>>> print(open('structure29.cif').read())   # mmCIF, C-alpha atoms and all ligand atoms
data_start
loop_
_atom_site.label_atom_id
_atom_site.label_comp_id
_atom_site.auth_asym_id
_atom_site.auth_seq_id
_atom_site.Cartn_x
_atom_site.Cartn_y
_atom_site.Cartn_z
CA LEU V 894 139.35 40.59 -55.66
CA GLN V 895 140.56 43.82 -57.31
CA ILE V 896 138.35 45.67 -59.84
CA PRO V 897 138.72 49.18 -61.42
CA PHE V 898 136.53 51.65 -59.47
CA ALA V 899 134.58 52.83 -62.56
CA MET V 900 133.75 49.15 -63.41
CA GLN V 901 132.67 48.53 -59.81
CA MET V 902 130.39 51.61 -60.11
CA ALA V 903 128.98 50.27 -63.41
CA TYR V 904 127.91 47.07 -61.53
CA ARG V 905 126.42 49.14 -58.66
CA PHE V 906 124.40 51.00 -61.38
CA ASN V 907 123.44 47.66 -62.98
CA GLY V 908 122.30 46.49 -59.48
CA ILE V 909 119.72 49.38 -59.22
CA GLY V 910 118.28 48.59 -62.70
CA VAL V 911 120.19 51.37 -64.60
CA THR V 912 122.15 49.98 -67.59
CA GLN V 913 126.02 50.00 -67.45
CA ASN V 914 126.50 52.41 -70.40
CA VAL V 915 124.64 55.12 -68.37
CA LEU V 916 127.76 55.23 -66.14
CA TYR V 917 130.53 55.03 -68.77
CA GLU V 918 128.85 57.64 -71.04
CA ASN V 919 128.37 60.02 -68.01
CA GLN V 920 131.48 59.11 -65.95
CA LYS V 921 132.90 62.68 -65.53
CA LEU V 922 129.46 64.07 -64.53
CA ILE V 923 128.91 61.22 -62.01
CA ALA V 924 132.46 61.68 -60.59
CA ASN V 925 131.96 65.50 -60.27
CA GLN V 926 128.53 65.04 -58.57
CA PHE V 927 130.14 62.61 -56.03
CA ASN V 928 133.20 64.86 -55.40
CA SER V 929 130.84 67.88 -54.97
CA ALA V 930 128.53 65.97 -52.55
CA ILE V 931 131.52 64.95 -50.32
CA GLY V 932 132.50 68.67 -50.27
CA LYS V 933 128.98 69.50 -48.91
CA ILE V 934 129.44 66.93 -46.06
CA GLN V 935 132.81 68.51 -45.16
CA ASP V 936 131.26 72.03 -45.15
CA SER V 937 128.13 70.90 -43.19
CA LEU V 938 130.17 69.09 -40.46
CA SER V 939 132.55 72.10 -40.23
CA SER V 940 129.55 74.55 -40.08
CA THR V 941 127.42 73.03 -37.21
CA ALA V 942 127.69 70.50 -34.34
CA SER V 943 123.85 69.98 -34.25
CA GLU K 1092 125.67 39.93 -67.92
CA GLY K 1093 129.43 39.62 -67.42
CA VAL K 1094 132.82 41.36 -67.67
CA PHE K 1095 135.31 41.69 -70.57
CA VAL K 1096 138.62 39.95 -69.84
CA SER K 1097 141.92 39.17 -71.59
CA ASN K 1098 144.35 36.29 -71.03
CA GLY K 1099 147.20 38.37 -72.60
CA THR K 1100 146.27 38.33 -76.35
CA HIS K 1101 142.60 37.21 -76.74
CA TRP K 1102 139.46 39.01 -75.48
CA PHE K 1103 136.62 37.06 -73.81
CA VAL K 1104 133.45 37.75 -71.78
CA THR K 1105 132.89 35.93 -68.43
CA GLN K 1106 130.31 35.70 -65.65
CA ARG K 1107 131.77 37.65 -62.65
CA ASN K 1108 131.77 35.08 -59.77
CA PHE K 1109 133.43 32.16 -61.68
CA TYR K 1110 135.97 32.08 -64.54
CA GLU K 1111 134.22 30.74 -67.67
CA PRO K 1112 135.53 32.50 -70.84
CA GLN K 1113 133.27 32.89 -73.89
CA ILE K 1114 133.93 34.32 -77.37
CA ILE K 1115 132.54 37.88 -77.67
CA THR K 1116 129.37 38.04 -79.84
CA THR K 1117 126.39 40.31 -80.66
CA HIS K 1118 124.31 38.18 -78.17
CA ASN K 1119 126.73 38.35 -75.17
CA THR K 1120 126.86 42.19 -75.63
CA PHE K 1121 124.76 45.30 -76.47
CA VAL K 1122 125.55 48.62 -78.26
CA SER K 1123 125.32 52.21 -77.06
CA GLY K 1124 126.85 54.96 -79.22
CA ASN K 1125 130.29 55.56 -80.75
CA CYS K 1126 133.77 54.72 -79.35
CA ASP K 1127 134.75 58.33 -78.44
CA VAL K 1128 132.47 58.77 -75.34
CA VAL K 1129 133.92 55.96 -73.11
CA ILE K 1130 137.08 56.30 -70.94
CA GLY K 1131 139.32 53.19 -71.34
CA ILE K 1132 137.58 51.40 -74.31
CA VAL K 1133 139.56 48.75 -76.36
CA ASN K 1134 139.46 47.47 -79.99
CA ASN K 1135 138.38 43.87 -80.83
CA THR K 1136 136.22 41.80 -83.22
CA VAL K 1137 132.65 41.08 -82.07
CA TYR K 1138 131.47 37.87 -83.78
CA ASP K 1139 128.06 37.67 -85.56
CA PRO K 1140 126.61 34.10 -85.88
CA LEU K 1141 124.29 35.12 -88.80
CA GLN K 1142 127.14 35.97 -91.26
CA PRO K 1143 128.25 32.32 -92.00
CA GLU K 1144 124.53 31.30 -92.31
CA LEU K 1145 124.00 34.02 -95.00
CA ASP K 1146 127.34 33.10 -96.70
CA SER K 1147 126.33 29.37 -96.90
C1 LIG F 1201 144.72 33.14 -74.88
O1 LIG F 1201 143.58 32.50 -75.52
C2 LIG F 1201 143.83 31.94 -76.88
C3 LIG F 1201 142.56 31.26 -77.40
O2 LIG F 1201 142.16 30.20 -76.52
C4 LIG F 1201 145.04 30.99 -76.83
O3 LIG F 1201 145.39 30.60 -78.17
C5 LIG F 1201 146.27 31.67 -76.21
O4 LIG F 1201 147.36 30.71 -76.16
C6 LIG F 1201 145.91 32.15 -74.80
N1 LIG F 1201 147.07 32.68 -74.07
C7 LIG F 1201 147.69 33.83 -74.35
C8 LIG F 1201 148.78 34.26 -73.36
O5 LIG F 1201 147.39 34.51 -75.32
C1 LIG F 1202 140.88 51.57 -82.48
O1 LIG F 1202 140.56 51.38 -83.90
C2 LIG F 1202 140.37 52.60 -84.71
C3 LIG F 1202 140.06 52.18 -86.16
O2 LIG F 1202 141.09 51.31 -86.67
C4 LIG F 1202 141.60 53.50 -84.57
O3 LIG F 1202 141.34 54.77 -85.21
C5 LIG F 1202 141.91 53.78 -83.10
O4 LIG F 1202 143.09 54.63 -83.01
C6 LIG F 1202 142.12 52.48 -82.32
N1 LIG F 1202 142.34 52.78 -80.90
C7 LIG F 1202 143.24 52.16 -80.14
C8 LIG F 1202 143.20 52.47 -78.64
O5 LIG F 1202 144.07 51.39 -80.62
#
>>> encode(input="structure29.cif", output="structure tokens")
Amino acid sequence: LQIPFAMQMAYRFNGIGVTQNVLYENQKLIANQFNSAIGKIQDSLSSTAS
Amino acid sequence: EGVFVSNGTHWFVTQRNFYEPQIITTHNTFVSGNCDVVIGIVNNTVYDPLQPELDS
């Protein structure tokens, strides 16, 4: 069943006991923290095989 | 505890796993802050059951 990704993330917040408005009022910060964290995986996997 | 939904002209709130539309009210919903902070907000009446009881 389709759902907008920001609304899906608001229900994944609501599922950990953090209220939905904490996503929608911080959505650009949360998106930038996720995009930044995926960049650290890419750099770490490129940096070492260990 | 639900999602906002529109049939094409009206706005309703439903439980997520089964379609059961309700009128939007100050009990089905909660407030946080002004309109300007939220990406993709929409404009609608939210009904208040106390107002007719004070008018009567
Ligand atoms: C939407 O809901 C209202 C209220 O039940 C109804 O009058 C209307 O015909 C429905 N359909 C559309 C497409 O607006
Ligand atoms: C929502 O309502 C306010 C007040 O009438 C208006 O300033 C604003 O432009 C409206 N926004 C949309 C998306 O229609």
>>> atom_distance(input="structure29.cif", atom1="CA of residue 1113 (chain K)", atom2="CA of residue 906 (chain V)")
23.7 Å
>>> closest_atom_pairs(input="structure29.cif", of="chain V", to="chain K", cutoff="7 Å", atoms="only C-alpha atoms", output="CSV")
residue,atom,partner,partner_atom,distance
V:914,CA,K:1123,CA,6.8
V:917,CA,K:1129,CA,5.6
V:918,CA,K:1129,CA,5.7
>>> closest_residue(input="structure29.cif", among="V:938, V:894, V:931, V:900", to="residue 916 (chain V)", atoms="all atoms listed in the file")
V:900
>>> residues_near_ligand(input="structure29.cif", ligand="ligand LIG 1201 (chain F)", cutoff="8 Å", atoms="only C-alpha atoms and all ligand atoms", output="MDAnalysis selection string")
chainID K and resid 1097:1102
>>> closest_residue(input="structure29.cif", among="K:1125, K:1119, K:1134, K:1106", to="ligand LIG 1202 (chain F)", atoms="only C-alpha atoms and all ligand atoms")
K:1134
>>> closest_residue(input="structure29.cif", among="K:1117, K:1133, K:1139, K:1104", to="ligand LIG 1202 (chain F)", atoms="all atoms listed in the file")
K:1133
>>> axis_aligned_box(input="structure29.cif", around="ligand LIG 1202 (chain F)", padding_each_side="3 Å", output="AutoDock Vina command-line options")
--center_x 142.1 --center_y 53.0 --center_z -82.7 --size_x 10.0 --size_y 9.5 --size_z 14.0
>>> atom_distance(input="structure29.cif", atom1="CA of residue 1095 (chain K)", atom2="CA of residue 1118 (chain K)")
13.8 Å
>>> atom_distance(input="structure29.cif", atom1="atom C6 of ligand LIG 1202 (chain F)", atom2="CA of residue 1116 (chain K)")
19.4 Å
>>> closest_residue(input="structure29.cif", among="K:1135, K:1147, K:1108, K:1120", to="ligand LIG 1202 (chain F)", atoms="only C-alpha atoms and all ligand atoms")
K:1135
>>> residues_around(input="structure29.cif", residues="residue 898 (chain V)", least_positions_apart="2", cutoff="12 Å", atoms="only C-alpha atoms", output="list in words")
residues 895, 896, 900, 901, 902, 903, 904, 905, 916, 917, 920 and 924 of chain V
>>> closest_residue(input="structure29.cif", among="K:1140, K:1115, K:1146, K:1126", to="ligand LIG 1202 (chain F)", atoms="all atoms listed in the file")
K:1126
>>> build_atoms(input="structure29.cif", residues="region 896-907 of chain V", atoms="N, CA and C atoms", output="PDB file, keeping the file's coordinate frame")
ATOM      1  N   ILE V 896     139.120  45.238 -58.668  1.00  0.00           N
ATOM      2  CA  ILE V 896     138.350  45.670 -59.840  1.00  0.00           C
ATOM      3  C   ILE V 896     138.523  47.180 -60.016  1.00  0.00           C
ATOM      4  N   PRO V 897     138.609  47.738 -61.238  1.00  0.00           N
ATOM      5  CA  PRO V 897     138.720  49.180 -61.420  1.00  0.00           C
ATOM      6  C   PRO V 897     137.498  49.907 -60.863  1.00  0.00           C
ATOM      7  N   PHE V 898     137.657  51.050 -60.196  1.00  0.00           N
ATOM      8  CA  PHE V 898     136.530  51.650 -59.470  1.00  0.00           C
ATOM      9  C   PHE V 898     135.365  52.050 -60.387  1.00  0.00           C
ATOM     10  N   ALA V 899     135.631  52.555 -61.589  1.00  0.00           N
ATOM     11  CA  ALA V 899     134.580  52.830 -62.560  1.00  0.00           C
ATOM     12  C   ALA V 899     133.805  51.577 -62.994  1.00  0.00           C
ATOM     13  N   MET V 900     134.440  50.406 -63.096  1.00  0.00           N
ATOM     14  CA  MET V 900     133.750  49.150 -63.410  1.00  0.00           C
ATOM     15  C   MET V 900     132.938  48.619 -62.237  1.00  0.00           C
ATOM     16  N   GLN V 901     133.441  48.764 -61.018  1.00  0.00           N
ATOM     17  CA  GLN V 901     132.670  48.530 -59.810  1.00  0.00           C
ATOM     18  C   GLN V 901     131.426  49.423 -59.748  1.00  0.00           C
ATOM     19  N   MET V 902     131.543  50.715 -60.037  1.00  0.00           N
ATOM     20  CA  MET V 902     130.390  51.610 -60.110  1.00  0.00           C
ATOM     21  C   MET V 902     129.420  51.240 -61.220  1.00  0.00           C
ATOM     22  N   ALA V 903     129.878  50.754 -62.367  1.00  0.00           N
ATOM     23  CA  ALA V 903     128.980  50.270 -63.410  1.00  0.00           C
ATOM     24  C   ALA V 903     128.152  49.069 -62.955  1.00  0.00           C
ATOM     25  N   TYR V 904     128.673  48.191 -62.095  1.00  0.00           N
ATOM     26  CA  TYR V 904     127.910  47.070 -61.530  1.00  0.00           C
ATOM     27  C   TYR V 904     127.000  47.485 -60.387  1.00  0.00           C
ATOM     28  N   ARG V 905     127.338  48.525 -59.627  1.00  0.00           N
ATOM     29  CA  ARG V 905     126.420  49.140 -58.660  1.00  0.00           C
ATOM     30  C   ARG V 905     125.275  49.901 -59.333  1.00  0.00           C
ATOM     31  N   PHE V 906     125.474  50.492 -60.513  1.00  0.00           N
ATOM     32  CA  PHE V 906     124.400  51.000 -61.380  1.00  0.00           C
ATOM     33  C   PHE V 906     123.531  49.859 -61.899  1.00  0.00           C
ATOM     34  N   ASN V 907     124.142  48.832 -62.473  1.00  0.00           N
ATOM     35  CA  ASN V 907     123.440  47.660 -62.980  1.00  0.00           C
ATOM     36  C   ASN V 907     122.594  46.978 -61.887  1.00  0.00           C
TER      37      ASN V 907
END
